[PDB]
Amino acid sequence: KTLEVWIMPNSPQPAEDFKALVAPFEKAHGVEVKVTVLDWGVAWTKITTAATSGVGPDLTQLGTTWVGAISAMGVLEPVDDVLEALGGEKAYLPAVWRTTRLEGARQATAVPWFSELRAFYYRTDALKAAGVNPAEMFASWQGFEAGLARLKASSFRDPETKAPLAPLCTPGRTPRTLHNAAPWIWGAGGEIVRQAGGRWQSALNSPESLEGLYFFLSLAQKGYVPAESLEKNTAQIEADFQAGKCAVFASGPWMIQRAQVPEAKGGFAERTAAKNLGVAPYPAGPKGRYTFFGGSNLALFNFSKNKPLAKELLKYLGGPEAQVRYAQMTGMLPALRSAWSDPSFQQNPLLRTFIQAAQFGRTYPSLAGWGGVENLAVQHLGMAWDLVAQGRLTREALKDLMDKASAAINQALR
């Protein structure tokens, strides 16, 4: 018996770490688990070819935001039984439980595996040298912009690069997702889509959504984000933070683990950034504190010839011991509420900042058409960033771009 699992690159040697995690299950049940690692950039294509063809693994990792679209294709085995075995709805944060199904589906189709949410990593040495108090900078939008202003003024140079640091690094290349933009939209009192009047419609062009987006993109326009950063993607900016080029950058909890791994092992432990690392939550906007809350679930294809063994592997991967172990190896958070108490999470002060930020986590609605919506939003946001690269983003230019995105999103939501 060989069980097939597809996963994404959740740790530095992702297949080895997954193989170590399931070894006790393999021994107990007399099976080999065969793992395939898919890069995030292609995983959606490969999982959808599997859905449409009926040729694929037993289990796949799914980003939480993908569960609705794959569920709607009718290729996922119901897993209400597995979720009840793991303690049901009470065992999960609502933000996680909502990811277990297509919104308005009668059955669960994904088992929570791990959670992650976004916060700001910052250079403790750089904010000190600029006289920025992080408790002020990360409190409000006003604090944030004043902190970046001090950081632009600062005479600080990285000890390794002997060069200045960008106040804020954020990618300007057309993004794959709204994860970076979402907290700004939400903090202004906006949303990406809104349910009202028996339907979902775009809200990207609401006055609140546009205030949040404009506030965010205009930081770069004011010189707090260098031109070089506008020409990079998320991975490039992450490498730039590691390499000592950025004072502030937003990411998830995994960067804490990577900071304890040597560079030659896929981390940045030797680097000045690893030795001077802080974490602060997203600042409150005018309408409050929000961050993107996501993670990954596991799903079982209903064409699997190994559903019994696969359901036992889902209960194993979703249960307390494996929850702690995998989160320890990846730097993610457990999906199961009870596993957060482990001292490897609670006694880690940077991760404690992420745990506290989870109070303000916000998810996307689990819609069948979510990917279509997010893809039209990011195409138009990429045009917005291209105007920032000219210094020509106006409120009117942004509104016109979000009015076009909204027309297209509304047409897709019909």
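The numbering used is simple: start at 1 and walk along the sequence shown. We call the rigid core whatever largest set of C-alpha positions still superposes within 1.5 Å between the two forms.
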(message) Root mean square C-alpha distance from this form after a core fit in 6 other deposited structures of this protein: higher for 354 to 362 or for 31 to 39?
(response) 31 to 39
(request) Determine, for 331 to 339 and 84 to 92, which one has C-alphas that on average lie farther from this form in 6 other deposited structures of this protein; superpose on the rigid core first. (result) 84 to 92
(request) Check the entry's C-alpha temperature factors for 105 to 113 and 265 to 273, then say which stretch has the higher mean. (result) 265 to 273
(message) When the Cα temperature factors in the entry are averaged, is it 405 to 413 or 2 to 10 that ends up higher?
(response) 405 to 413
(request) Going by the CA temperature factor in the entry, name the top one among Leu38, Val55, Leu59, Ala69. (result) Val55
(request) Could you say which of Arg325, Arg176, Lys222, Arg258 has its CA atom at the highest B factor, as listed in the PDB entry? (result) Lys222
(request) Could you say whether, by C-alpha temperature factor, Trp44 belongs to the lowest, middle or highest third of its chain? (result) highest
(message) Quick check for you: using the entry's CA B-factors within this chain, is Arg352 in the lowest, middle or highest third?
(response) highest
(message) Quick check on the deposited entry: does the C-alpha B-factor of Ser366 sit in the lowest, middle or highest third of its chain?
(response) middle
(request) Please place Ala28 in the lowest, middle or highest third of its chain by C-alpha B factor as given in the entry. (result) highest
(message) Sorting by Cα B-factor within the chain, modelled residues only, which third would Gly74 end up in: lowest, middle or highest?
(response) middle
